[PDB]
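> Enclosed are the sequence and the experimentally obtained structure.
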Amino acid sequence: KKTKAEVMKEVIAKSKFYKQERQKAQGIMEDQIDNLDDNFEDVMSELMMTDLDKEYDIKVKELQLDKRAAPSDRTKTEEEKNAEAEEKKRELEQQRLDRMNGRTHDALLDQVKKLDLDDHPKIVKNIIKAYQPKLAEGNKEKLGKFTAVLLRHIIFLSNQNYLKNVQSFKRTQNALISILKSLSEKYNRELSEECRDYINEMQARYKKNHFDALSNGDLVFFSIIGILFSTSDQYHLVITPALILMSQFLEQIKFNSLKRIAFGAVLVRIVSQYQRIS
Amino acid sequence: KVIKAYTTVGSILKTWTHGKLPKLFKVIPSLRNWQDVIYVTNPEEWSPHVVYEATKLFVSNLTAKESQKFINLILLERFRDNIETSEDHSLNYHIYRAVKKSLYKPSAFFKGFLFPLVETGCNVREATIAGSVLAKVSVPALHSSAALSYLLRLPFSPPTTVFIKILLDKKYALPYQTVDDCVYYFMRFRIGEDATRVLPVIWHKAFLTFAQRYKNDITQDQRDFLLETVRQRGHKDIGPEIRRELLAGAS
Amino acid sequence: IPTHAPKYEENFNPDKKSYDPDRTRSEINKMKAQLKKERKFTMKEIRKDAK
RNA sequence: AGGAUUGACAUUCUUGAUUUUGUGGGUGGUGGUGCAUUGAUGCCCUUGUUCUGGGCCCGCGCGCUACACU
């Protein structure tokens, strides 16, 4: 009985509210239409036409003159930053554990930036990366293209002339692997396609020749992929076909000289360096 | 005059719910006669959709001349009556969207609405609500500095300066207009106010929230009077992170 | 052990014919049993009135 | 202001830097509890505007035909 009473009361009250809203909308449409269509004669013949504002105009002049930006929009709290950095390191280690359980066409950087060998080249590449990120209006395509020619620059630079002495190529390759790992840690979308290009090139070359064109860039490719990625996880399209292809090199092609056995030995110790963390 | 049915049109606009503006009131802003429209319309008809069309209406027709014609007529008086009748102390939805949509032409909005809101006895809570409502949306930097220059050359009073406290909880950028507005606000509050004007720890929290990262690329005079701040007005909650950031800061 | 849920009718009363999904062949049983019981009662009514 | 965007007389005109193309990252109290009736005040959460809704108060027993490496 209480259900029927409150139910009929609420239903009739909602219907009364809907009827009142419909009557108000009908009166709105009626008065507005029959007045806007009738006022076409009197919507033409009805005619009837300090220091704070001055200094506000001066302040707007100063505001359009001087313009700047805030640095990082937050606080650099040491304890909160250390807790988030510890949680980020734990997130990286736990992600590695959970995934281990689960117009630059190959000659642009040498044509433009590579002055002598390495020194002016990486600095001019930094100049290109600073000029492109400055005037990056809409930039995905050209960014991918000149990062591609950066990886091109190293894959036809790091093989011919390491003949200049030890500490020189040591410090230039150290600065290069540091800046390239720290730059390509946040992304994968072009290094992945360059790794597809490189596994295509080394597999095709290894089918093509016996040994006399096995380039010195394979060791640098294995070094840069081992630096830019932690090889601990299993399901990874990038690191594993190169490792089965170096195992294919070792099982198939012949090593009849001391530099060839040394090539096999440095590939064995770099797969040992991979399984140091794998 | 107008078509004379406007007491009836106001009686409908009292309590009709869903729709938009009439074509009569839509053709009068191309005309010049909305004075004699509203003087017979008798503005008590405050329904939420007509408040929405009202705020888009007068900020569409807000330039300097017509802004100083009708910028202080019925609007914040209706806000005074609605907030004095409200007991929950909350922004209404039409209130929120009214001021948040009224910002959408800041060419004279910042001189016509932000300036007369202390017209007859404004409150610290009112400055807090107004700061939050016009704080939650993106403002242009030049227009916000155009409001802030006159707002900060106003004196030291809580329903004027907790609005500036929320204006720095907005965590602005730092142009040199923000720098020199900061130096004359600093000279606005220092040690005849030394005997009669006191300053509590909520304004110490305001000091924290602009001294948080308002020291990006600024000069040595700022360091001079902020070391004057740490000698004069050092509370317990002002020390560690702020002195760490003063040591980390540079020119 | 392989585990099985029941096949359960919530709010089931054996006296009253429930909401079986077969509109095609079960509600026909409902209305035909209704027709049979009313035709039985009518022929019983008319034969006792004949007596 | 050389077409950055704003209410259109069923595109078509009476609007002027509220901005947009590429990208970093920050959120939220307007609910109220504990203290003087305005004090970085402990606490579950954050991302409140417009129409209609729903059954009711056959039972019994006898025969015949099934359900069976019989």
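Looks like it came in fine. Residues are numbered from 1 along each chain as shown, chains lettered A, B, ... in the order given.

> how distant is the helix or strand containing residue A:79 from the center of its chain?
For residue A:79, the host element (DSSP states H and E) is helix A:78-100. Distance of helix A:78-100 from its chain centroid, counting by CA atoms, centre = their mean, to the nearest Å, is 20 Å.

> which parts of the stretch 1-150 of chain B sit against RNA strand D?
Neighbours of RNA strand D within the stretch 1-150 of chain B, by CB under 7 Å from any atom of the strand: B:17-18, B:23, B:26-27, B:29-30, B:48, B:56, B:60, B:63, B:88-91, B:93, B:96, B:103-107, B:124-125, B:128-129, B:132, B:136, B:138, B:140, B:142-143. All C-beta spots, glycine's among them, are computed from the backbone N, C-alpha and C.

> do the same with the stretch 101-250 of chain A
A:136, A:137, A:138, A:139, A:140.

> Tell me the secondary structure at the fourth one.
Put plainly, it is residue A:139. With DSSP: H, G, I helix; E, B strand; the rest coil as the basis, residue A:139 sits in coil.

> In this structure it contacts residue A:145, no?
No: the pair residue A:139 and residue A:145 does not pass the contact test of CB atoms under 8 Å, sitting 10.1 Å apart.

> Could you report the neighbour count for residue 134?
The chain I'm using is chain A. Neighbour count for residue A:134, taken as other CB atoms under 10 Å in any protein chain shown: 7.

> Not quite, go with chain B.
24.

> Can you show me the strands along chain A?
With strands called from DSSP state E, chain A shows none.

> what residues does it put near chain B?
Residues of chain A that fall close to chain B, judged by CB under 8 Å from any CB of the partner chain: A:20-21, A:24-25, A:27-28, A:31-32, A:35-36, A:38-39, A:42-43, A:46-49, A:52-53, A:55-56, A:59-60, A:62-64, A:66-78.

> can you rerun that using 7 Å?
Chain A comes close to chain B at residues A:21, A:24-25, A:27-28, A:31-32, A:35-36, A:38-39, A:42-43, A:46-49, A:52-53, A:55-56, A:59-60, A:62-64, A:66-75, A:77, as judged by CB under 7 Å from any CB of the partner chain.

> from the residues you listed, which would you call buried?
When the residues of chain A next to chain B are checked for burial by 16 or more other CB atoms under 10 Å in any protein chain shown, the buried set is A:24, A:27-28, A:31-32, A:35-36, A:39, A:43, A:46, A:56, A:59-60, A:62-63, A:70.

> Now flag whichever of the residues you listed is closest to residue A:103.
Closest approach to residue A:103 among those (CB to CB): residue A:70, at 37.1 Å.

> so the closest one sits right up against residue B:178, yeah?
No: the pair residue A:70 / residue B:178 is not scored as a contact, 9.4 Å apart, by CB atoms under 7 Å.

> Which residues are in contact with each of these two?
Residues touching both residue A:70 and residue B:178 by CB atoms under 7 Å, 6 or more residues apart in numbering or on different chains: residue B:172.

> and the residue sitting nearest the centre point of chain C, backbone torsions?
In chain C, the residue lying closest to the centroid (CA atoms, centre = their mean) is residue C:30, at 4.3 Å. Dihedral pair for residue C:30: phi -60, psi -60, per degrees, to the nearest 10.

> what about the residue lying closest to it once chain neighbours are set aside, which SS state?
Nearest non-adjacent residue to residue C:30, counting by CB to CB, 6 or more residues apart in numbering or on different chains: residue C:17, 5.6 Å away. Following three-state DSSP, we place residue C:17 in the coil state.

> where does residue C:17 fall, phi/psi-wise?
Backbone geometry at residue C:17, expressed as degrees, to the nearest 10, gives phi -70, psi 120.

> Could you report the neighbour count for it?
Around residue C:17 there are 13 residues (other CB under 10 Å).

> Over to the one 5 residues further on?
Close neighbours of residue C:22, defined as other CB under 10 Å, add up to 9.

> Next: residue B:7.
Residue neighbour count, defined by other CB under 10 Å, stands at 10 for residue B:7.

> and the helix or strand hosting it, what does it pack onto?
Secondary structure from DSSP H and E places residue B:7 in helix B:6-14. Where contact means 3 or more CB pairs under 7 Å, 6 or more residues apart in numbering or on different chains; DSSP states H and E, helix B:6-14 is packed against helix A:2-36, helix B:34-41.

> C-terminal to it, which secondary structure element comes first?
Later in the chain than helix B:6-14, the nearest helix or strand by DSSP H and E is helix B:23-27.

> which other helices and strands contact that following helix?
helix A:2-36.

> Let's see that with 10 Å instead.
helix A:2-36, helix B:6-14, helix B:34-41, helix B:48-60 (3 or more CB pairs under 10 Å, 6 or more residues apart in numbering or on different chains; DSSP states H and E).

> nearest residue to residue B:223 other than its sequence neighbours?
residue B:246 is the one closest to residue B:223 (CB to CB, 6+ apart), at 7.3 Å.

> Residue B:148: neighbour count?
23.

> show me what contacts whichever residue of the stretch 151-278 of chain A sits closest to chain B?
Nearest residue of the stretch 151-278 of chain A to chain B: residue A:182, at 22.7 Å (CB to the nearest CB). Residues near residue A:182 by CB atoms under 10 Å, 6 or more residues apart in numbering or on different chains: residue A:228.

> Now do the helices in chain C.
C:27-50 (DSSP state H).

> which bits of it sit near RNA strand D?
Counting by CB under 7 Å from any atom of the strand, chain C sits next to RNA strand D at C:15, C:16, C:17, C:30, C:33, C:34, C:37, C:41.
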